[PDB]
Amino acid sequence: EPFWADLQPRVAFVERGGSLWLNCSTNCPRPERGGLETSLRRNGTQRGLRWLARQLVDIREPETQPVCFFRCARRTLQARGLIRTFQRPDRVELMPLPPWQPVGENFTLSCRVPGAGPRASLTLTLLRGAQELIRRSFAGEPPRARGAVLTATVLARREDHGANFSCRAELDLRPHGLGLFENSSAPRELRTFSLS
């Protein structure tokens, strides 16, 4: 443990498509070879005797872990980072409703929110007017999972004739200091009638 490498910031959250400066450093007295192994495109480098700073750009993967290294005498000293991306709910889509829905029968509401995430930070809600019918947090999904779907069966009523159904996606990155990003679908009107 006497000589080391360090990568700062060691964990970073970037908006999908964004960029980030990383600084890889060592206390090795005379480092022989130094670098940063990542699949990310770079767009800027700065160097000093015991440090290397790189700007990584167009960061699109859910997760990537750059490996910073310096060769120190006979040893390679390394440090590993984590870059996570987030993607706002730019697309929130409620699937089409039936042209006409029989009263007293079920129909399906499906909200699709492609690409947004991390999925564990998403909450999707299905609404009739301003009333929330179903709310689902995706807490506990895998960290690299993206996108979400929320489907529910709803019993058609006479009252629901002409009512607007919609859905809302929330990406809550506030635990990470990054804000709450919301979007809602365009409304869809239900038309009901009695088969009798």
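Quick note: we count residues from 1 along the sequence shown, nothing fancier.
Looking at the C-alpha B-factors along this chain, the one for residue 112 belongs to the highest third. The PDB entry assigns residue 61 a C-alpha temperature factor belonging to the middle third of its chain's modelled residues. Among all modelled residues in its chain, residue 138 ranks in the highest third by Cα B-factor. Split the chain's modelled residues into thirds by C-alpha temperature factor. Residue 78 is in the lowest one. Per the PDB record, residue ranking by Cα B-factor puts residue 50 in the lowest third of the chain.
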